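Undergrad: Throughout the sequence shown, residue numbering follows the deposited numbering, covering 1 to 330 in sequence. Here it is, the structure in full.
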Amino acid sequence: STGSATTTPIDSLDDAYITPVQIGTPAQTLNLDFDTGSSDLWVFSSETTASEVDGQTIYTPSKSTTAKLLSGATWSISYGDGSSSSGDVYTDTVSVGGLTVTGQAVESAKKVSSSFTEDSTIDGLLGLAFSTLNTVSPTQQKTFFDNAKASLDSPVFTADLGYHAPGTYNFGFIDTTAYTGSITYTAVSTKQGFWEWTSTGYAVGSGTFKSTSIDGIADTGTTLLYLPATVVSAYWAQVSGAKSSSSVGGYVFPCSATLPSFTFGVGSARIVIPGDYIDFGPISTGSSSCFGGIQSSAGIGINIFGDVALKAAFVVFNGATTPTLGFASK
Ligand SMILES: Cc1cc(C)c(/C=N/NC(=O)[C@@H](N)Cc2c[nH]c3ccccc23)c(C)c1
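This is the structure:
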């Protein structure tokens, strides 16, 4: 089997991408944020604290003839940004782009943090990291991909995120028309439950490439590119007037700037992020200070190749017995 679904930016800055997912019978379509940095499929629901719902579409398990309470199961997730959500668990039929999993754990939110409440366009998250991170207790549950994997034509999914445009998540096949040149594959460590890999270095604009190992995670659920402070300082030093602002919470730059590109290494290959991808616009409405799309990972504890990096590539998440990651230009 295979599945193919379009993923759409939630706003004009590509702050996140949402993908329609069918849950239950008859189908209830919710727009979920596919998150390769976590392993829970959780949704706004008829159980979510009313004051914490602000415009989201909700899953109502009582209206689904295939929903079953997973008795005694609860879940609770704390994301590294400080966001959180928790609740109880149903199993139900879940389909993405024509690919159907029966008996998928659907984690129904009773509580969500304010960040989720404020994101009216995000109806929940669909985790695509390794199932070892799933938070369901006392019986850990499998991700949608892990449940689908044996049935898929090939045990893979791909992320093809657009810059200021829709893109595609495919399951079970590699669309050879979706990228240019060849796909370069690189090793993955699953020791922390993430799609963790090591970039071979970086360049800023037309500058020379610096060969240096940068360990980090491929995370479709994170907006920006978070890298070591040394690398990030080298990037912003090429933008007149750029500075790190503790009051704003990262690097800002004059909105009048033309940003340089940023290149990252994948083995001997190179992925170029155009300068425009690194512009996140005014820090507040009408400001001439703009927020940067490359930020320091210092204090996060891990480097994060978020959407700013991933949207510059066609990315293969290879879930074979020994997982690997592939990157191609597009
Ligand atoms: C200090 C710091 C700052 C950020 C932005 C992150 C990213 N975290 N990103 C994630 O955890 C995502 N994989 C999922 C996620 C967290 N909060 C969200 C809000 C909306 C949509 C997705 C997420 C971290 C780990 C630490």
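All residues carry an ideal CB built from backbone N, CA and C; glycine is no exception.
(1) Near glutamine 28, which residues of its chain fall below 6 Å by C-beta distance, leaving aside the five closest residues on each side in sequence?
(2) How long is the line joining the alpha carbons of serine 131 and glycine 193, rounded to whole angstroms?
(3) Would you say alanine 16 touches ligand 1, meaning its beta carbon is less than 7 Å from a heavy atom?
(4) Say yes only if the C-beta of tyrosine 169 is nearer than 7 Å to one or more non-hydrogen atoms of ligand 1, and no if none qualify.
(5) Give me the Cα-Cα distance between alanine 5 and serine 86, rounded to the nearest whole angstrom.
(6) Use the C-beta contact count for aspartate 11: other C-beta atoms within 10 angstroms, 16 or more gives buried, fewer gives exposed.
(7) Nearest by alpha-carbon distance to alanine 203: which of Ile271, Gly292, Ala50 is it?
(8) Please determine, among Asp123, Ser246, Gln104, the residue with the shortest C-alpha to C-alpha distance to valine 112.
(9) Starting from the C-beta of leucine 30, find all residues in its chain whose C-beta is less than 7 Å away, skip the five residues before and the five after it, and write them out in chain order.
(10) Taking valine 106 as the reference, which of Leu99, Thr121, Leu126, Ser114 has the closest Cα?
(11) Looking at ligand 1, does it come within less than 7 Å of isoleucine 122, judged from the CB to the closest heavy atom?
(12) So the alpha helix (DSSP H) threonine 230 belongs to, where does it begin and stop?
(13) Just verifying my parser: in three-state terms, what is the DSSP assignment at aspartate 40?
(14) Let me confirm a value: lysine 191 is counted as buried when at least 16 other C-beta atoms fall within 10 Å, else exposed. Which label applies?
(15) Inspect the CB distances between the region 243–254 and the region 277–297 and report whether three or more fall short of 8 Å.
(16) Quick test of your reading: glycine 306 and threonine 223, contact by CB under 8 Å. State the CB separation rounded to the nearest angstrom.
(17) Measuring only from the beta carbon, is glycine 221 closer than 7 Å to any heavy atom that is part of ligand 1?
(18) Pull up the CB-CB distance for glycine 3 and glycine 98, whole angstroms please, since I reckon it's below 8 Å.
TA: According to the structure shown:
(1) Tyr59
(2) 7 Å
(3) yes
(4) no
(5) 27 Å
(6) exposed
(7) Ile271
(8) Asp123
(9) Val21, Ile23, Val43, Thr57, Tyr59, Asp123, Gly124
(10) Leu126
(11) yes
(12) 229–236
(13) coil
(14) exposed
(15) yes
(16) 6 Å
(17) yes
(18) 5 Å
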